[PDB]
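This document starts with one chain, in the form deposited in one PDB entry, laid out as structure tokens.
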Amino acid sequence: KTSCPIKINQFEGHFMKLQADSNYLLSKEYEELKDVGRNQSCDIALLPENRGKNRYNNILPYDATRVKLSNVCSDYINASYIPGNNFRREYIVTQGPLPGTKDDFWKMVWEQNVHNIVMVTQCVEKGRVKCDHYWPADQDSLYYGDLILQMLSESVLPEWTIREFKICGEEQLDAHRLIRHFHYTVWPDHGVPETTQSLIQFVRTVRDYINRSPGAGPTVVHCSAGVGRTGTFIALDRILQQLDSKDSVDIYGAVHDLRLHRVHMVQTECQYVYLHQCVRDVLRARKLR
């Protein structure tokens, strides 16, 4: 059971049914996803030489889908590829960079031809450090390892901040590159944004920037662990594309497919409900127009 597609003209009713009896059928469906992917090993991530490279020693990339850095255990970063419907490597999911792994993070962005980064955590959340401030504080260039980075703009909007960076690393396919960074600043850990409208607009906005680019590379998405908030963002991106393309939508299949590639993408039942509320809301709006 890989997939549960719902005809869009039947979604409103499907979701009502799932929501009946205090989410009885919603919870049953959600729990069917619990073990997807969990047959897979993270032996490289567990090597003692890699210990300090993991923010959370229990949140590790599967061997089968991990992102590898060029050799300098020098290859290791806590990050995982997510293939697309049409081609490999549509997303890279990663943890919030650590002070000691930020050079590795930027190496990865450089080597993987990444032009867009989506961050859906704050650096400190309820007194706990969740992510290093791994980008410059101002417009003065700085080295991260053998990569030079310079912030060209920082635009603080109501619910996200967009930064543009120029980066140069060890030359392969390119020698210098503009990167955009999308930092969504209103998503509580273990929770959901306060409205569907907010994250739907964020996803649409990011996908807009992606789609308009002559060549985007994999999009890097991270929160603190690269699990709950990253999983929910990516799922919504996929499901929104489904609604713009097809007459059915498959939230269960989207989450299923993410979990094949990194541990338990989408952390909570509430996050699963929120994806359904998003789809419900888009469809209601569209029906009237």
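Note that the rigid core is defined as the largest set of C-alphas that superpose within 1.5 Å between two forms. Only residues modelled in both forms are compared. One-based numbering along the sequence shown.
This protein has a second form, the form deposited in another entry, left out of what is shown; the following refers to that one.
Of the residues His190, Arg207, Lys166, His133, exactly one exceeds or equals a 2 Å C-alpha shift between the shown form and the other one once the rigid core is aligned, and that residue is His190. In a rigid-core overlay of the protein, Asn86 has its C-alpha displaced by at least 2 Å between the shown form and the other one. With a cut-off of 2 Å and the rigid core superposed, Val156 has a Cα displacement that falls short of the cut-off between the shown form and the other one. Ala216 shows a C-alpha shift of 2 Å or greater between the shown form and the other one [criterion: core-superposed Cα displacement of 2 Å]. Closer approach of the C-alpha atoms of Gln172 and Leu142, by 3 angstroms or more, is seen in that other deposited form than in the present form. Between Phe15 and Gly84, the Cα distance is smaller in that other deposited form than in this structure, by no less than 3 angstroms. Shifted regions between the shown form and the other one (3+ consecutive residues, every CA moving 2 Å or more on the core fit): 83-88, 169-175, 188-191, 213-216.
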